[PDB]
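Worksheet: one structure, shown below.
Taken together, the values in this text are just the output of simple stated rules run on the coordinates, not laboratory data. Note that we place each Cβ from the backbone using ideal geometry, even for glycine, and neighbour counts take in every protein chain shown.
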Amino acid sequence: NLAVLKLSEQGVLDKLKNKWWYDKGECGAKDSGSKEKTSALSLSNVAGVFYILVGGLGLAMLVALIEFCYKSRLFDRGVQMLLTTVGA
Amino acid sequence: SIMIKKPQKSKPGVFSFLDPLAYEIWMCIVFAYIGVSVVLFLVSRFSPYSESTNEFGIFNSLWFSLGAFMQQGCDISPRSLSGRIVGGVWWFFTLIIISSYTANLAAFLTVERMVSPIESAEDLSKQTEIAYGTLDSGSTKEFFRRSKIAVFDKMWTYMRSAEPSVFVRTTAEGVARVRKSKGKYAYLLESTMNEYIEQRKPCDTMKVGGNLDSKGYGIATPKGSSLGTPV
Amino acid sequence: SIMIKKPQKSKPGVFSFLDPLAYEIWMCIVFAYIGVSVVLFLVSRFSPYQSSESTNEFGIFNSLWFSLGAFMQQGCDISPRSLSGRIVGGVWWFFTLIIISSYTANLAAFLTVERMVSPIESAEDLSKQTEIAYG
Amino acid sequence: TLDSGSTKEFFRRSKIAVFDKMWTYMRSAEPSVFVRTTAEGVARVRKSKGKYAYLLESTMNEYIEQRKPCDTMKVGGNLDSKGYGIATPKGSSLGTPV
Amino acid sequence: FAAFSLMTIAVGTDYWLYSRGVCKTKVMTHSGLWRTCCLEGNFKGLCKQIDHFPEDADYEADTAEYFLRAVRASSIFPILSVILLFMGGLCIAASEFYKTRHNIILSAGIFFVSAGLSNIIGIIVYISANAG
Ligand SMILES: N[C@@H](CCC(=O)O)C(=O)O
Ligand SMILES: N[C@@H](CCC(=O)O)C(=O)O
């Protein structure tokens with residue numbers, strides 16, 4: 001009872017805890033958590049941009065296909081008043 | 001002082017401006033360029049109904065897409081609906097990549113220096129990976145035996161508990177051992193030896209950290225002879 | 001304390017490019033983009049006084065093209081050509097300067113993040129679900 | 001620190017060298033760096049404008065942080081591991097049931 | 001015809017990339033589409049057929065790492081280039097017969113365009129799940 005309080009008073013417990021937990025920082029993140037790498041951009045980062053780019057092409061081509069479909073074969077100034085009165 | 005093997009740094013080559021995008025991205029941006037321009041051609045010259053009314057073609061389109069990619073403007077714009085709705089996609093496509101390009105080139109043009117490993121010998125007490133030794137029958141090896149600073153005490157503990165011998169017999173022995181250990185065995189010597197080994201070929205060694213103490217070389221005489229005061 | 005395994009480093013998904021700006025800002029962008037184009041449509045085509053209406057080329061869809069054109073740094077062919085649409089357009093130019101320069105400040109930091117997932121912390125799903133065991 | 005205090009005694013009896021120099025500065029003081037009650041040092045730091053730090057225990061510290069006007073702040077980590085307890089006179093019969 | 005030949009040669013292939021891995025468990029690698037065949041070892045030319053089976057933290061329906069693998073180790077986008085490419089090659093072959101309607105060969109080139117659009121997606125998803 002009188003002995004453990006001496007070791008608590010003089011920091012010997014702190015020294016032992018440091019020795020057997022903190023001086024043996026070995027695995028990964030404790031050591032390498034405070035370092036820095038710059039970059040190198042790979043394709044896995046930028047992929048949805050290409051996906052959007054390709055999908056927009058097919059959408060645009062599909063639009064002109066049905067444009068040529070319709071012009072191979074608003075309405076009633078008048079009922080525009082109906083449209084705007086129901087819209088209001 | 002502490003001598004280690006100098007890690008071989010990389011030099012920027014000739015084409016060191018194509019660095020912040022990899023070659024996969026560089027070929028995909030070439031492919032998609034051709035694809036977008038030929039789609040814009042296809043949708044433009046499609047018999048709208050008269051025919052020579054619109055101004056686009058394969059050639060106009062090939063440099064329109066380039067002039068939209070690099071921000072230099074154009075001479076003409078798509079007027080048809082599907083031409084506009086395909087041009088806006090390319091407008092969005094450039095704003096992500098070229099921005100990434102400049103914002104990352106600002107990251108390559110800040111730093112080139114390596115992160116400098118096991119400096120100031122405290123991690124030499126901490127880690128168990130890279131070994132280290134001194135010269136046998138040496139004042140430094142005696143200094144770590146008699147030293148009472150706790151980090152030096154743990155260093156002496158690791159040096160006396162060694163499998164195999166971390167100690168060497170002559171200086172060039174430890175020199176060759178560090179030249180072949182590939183960063184797995186450090187070495188302790190004196191700073192004049194250290195800078196002399198640095199100033200020779202093949203320059204593959206390196207001094208890290210600062211010093212540790214202040215020793216000094218002197219002239220030694222037997223105790224009591226008459227040469228002492230004239231020397 | 002609760003020990004579990006290590007998780008795997010979740011790399012950012014498909015729609016991560018719009019990540020540095022929060023969704024509410026993107027909402028206000030779309031609303032302002034509609035409003036600017038419609039207000040610019042209103043200033044022109046307002047009986048300009050035999051060309052008495054077709055003085056300009058700005059229809060509603062041409063304006064819808066012009067605003068999107070001016071936003072992403074390539075101006076279109078036409079220009080407002082008269083007063084009082086241009087104190088829309090200059091304000092929209094100031095808007096597109098202040099926004100995308102704030103967009104592209106640190107974009108590359110947002111495409112390499114790799115944060116973790118952390119299924120449970122204060123356990124209580126060890127009460128709730130039946131899947132993950134514990135002893 | 002606080003006078004008639006365990007922390008003030010701890011820096012007197014402490015042997016770590018940085019704490020020794022801190023005790024040296026505390027005993028060589030013009031005027032008294034020591035106070036008599038807790039709220040005294042609280043008001044002294046609230047009026048010293050960053051010219052007088054204060055040492056206390058972390059529970060007092062977080063309680064003072066969680067009050068108005070919130071103008072105070074805990075900095076750094078901890079220093080040791082003390083503990084509050086129940087105190088009895090030596091040898092009486094209340095010890096083991098408490 | 002050259003594009004159809006080159007695409008068929010490119011699909012039915014053991015040699016696309018070269019890396020360092022294994023041949024068959026339980027090495028410089030002559031790796032291709034699914035036959036991750038190998039050379040320069042104890043045996044040269046034993047072509048293991050590969051698919052996806054990691055040992056992860058049990059991603060349940062992590063879609064950008066799952067459905068991506070589903071499109072990866074079943075080539076549907078690279079295989080569709082062959083389909084559209086021969087589908088248009090028939091239409092340019094059928095140009096002579098049933099002619100003078102001045103409409104049919106327009107339909108042909110759309111296949112040749114869209115096959116490339118499938119190809120470019122297949123390349124991106126393959127490079128994606130190599131580093132996936
Ligand atoms: N001058 C030193 C060199 C070796 C050492 O530093 O231990 C000696 O003669 O002992
Ligand atoms: N619990 C302590 C508070 C004062 C101090 O930390 O010095 C005591 O009663 O002594």
Checklist entry - Has the range B:4-16 got any residue that is surrounded by 13 or more Cβ atoms within 10 Å (Cβ to Cβ), of a type in the set (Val, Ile, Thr) and more than 30 Å from B:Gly183 (Cα to Cα)? => result no
Next on the checklist: Within the range C:33-54, does at least one residue satisfy the condition of being within 14 Å of another protein chain (Cβ to nearest Cβ), out of contact with any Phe, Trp or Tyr (no Cβ under 8 Å at 6 or more places or on another chain) and either on the phi < 0 side of the Ramachandran plot or among the basic types (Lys, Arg) (or both)?
Outcome noted: no
Next on the checklist: I need a count of the residues in the range D:79-95 that are within 16 Å of ligand 2 (Cβ to nearest atom), exposed (fewer than 10 other Cβ atoms within 10 Å of the Cβ) and either within 14 Å of chain A (Cβ to nearest Cβ) or over 20 Å from D:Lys8 (Cα atoms) (or both).
Outcome noted: 5
Item to check | From the options B:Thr205, B:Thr221, residue that is of a type in the set (S, T, N, Q), in contact with a strand residue (DSSP E or B) (Cβ under 9 Å, 6 or more places away or on another chain) and surrounded by 10 or more Cβ atoms within 10 Å (Cβ to Cβ) | outcome: B:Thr205
Checklist entry - Do we find a residue being closer than 19 Å to A:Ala47 by Cα and of a type in the set (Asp, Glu) anywhere in the range E:89-97? => result no
Checklist entry - Given (1) within 30 Å of A:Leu7 (Cβ to Cβ); (2) surrounded by fewer than 10 Cβ atoms within 10 Å (Cβ to Cβ), where does D:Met26 come up short, assuming only one miss? => result (2)
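Matching residues to (1) over 15 Å from the mean Cα position of the chain (by Cα); (2) buried (at least 16 other Cβ atoms within 10 Å of the Cβ); (3) in a loop (DSSP other than H, G, I, E, B); (4) within 14 Å of chain C (Cβ to nearest Cβ):
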site	(1), (2), (3), (4)
E:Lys26	yes, no, yes, no
E:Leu33	no, yes, yes, no
E:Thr36	no, yes, no, no
E:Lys44	yes, no, yes, no
E:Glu55	yes, no, yes, yes
E:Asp58	yes, no, yes, yes
E:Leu68	no, yes, no, yes
Item to check | Boolean, B:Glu51 is within 14 Å of chain A (Cβ to nearest Cβ) and either under 29 Å from B:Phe17 (Cα atoms) or acidic (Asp, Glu) (or both) | outcome: yes
Checklist entry - So which residues in the range D:9-41 are of a type outside the set (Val, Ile, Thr), within 14 Å of chain A (Cβ to nearest Cβ) and in a loop (DSSP other than H, G, I, E, B)? => result D:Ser14, D:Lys15
Item to check | Residues satisfying the stated conditions in the range A:1-56, i.e. at the interface with another protein chain (Cβ under 7 Å from one of its Cβ atoms) and loosely packed, with under 11 Cβ neighbours inside 10 Å | outcome: A:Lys35
Next on the checklist: Just to be sure before I move on: is E:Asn103 farther than 17 Å from E:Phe1 by Cβ, loosely packed, with under 14 Cβ neighbours inside 10 Å and at the interface with chain A (Cβ under 10 Å from one of its Cβ atoms) in the structure I sent?
Outcome noted: yes
Checklist entry - Assuming D:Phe19 fulfils every condition listed in (1) within 16 Å of ligand 2 (Cβ to nearest atom); (2) exposed (fewer than 12 other Cβ atoms within 10 Å of the Cβ) apart from one, which condition is it? => result (2)
Item to check | Members of the range B:119-154 that are within 11 Å of chain A (Cβ to nearest Cβ) and among the aliphatic types (A, V, I, L, M) | outcome: B:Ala150, B:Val151
Next on the checklist: Looking at B:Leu135, B:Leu124 in this structure, which one is among the hydrophobic types (A, V, I, L, M, F, W, C) and either in contact with a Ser or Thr (Cβ under 6 Å, 6 or more places away or on another chain) or within 16 Å of ligand 1 (Cβ to nearest atom) (or both)?
Outcome noted: B:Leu135
Checklist outcome for this item: Of the residues in the range C:1-32, those that are more than 14 Å from chain A (Cβ to nearest Cβ), within 30 Å of C:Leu126 (Cα to Cα) and surrounded by fewer than 10 Cβ atoms within 10 Å (Cβ to Cβ) come to C:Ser1, C:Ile2, C:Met3, C:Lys5
Next on the checklist: Given the condition facing chain A (nearest Cβ under 10 Å) and not in a helix (DSSP H, G or I), answer yes or no: does some residue in the range B:55-67 qualify?
Outcome noted: no
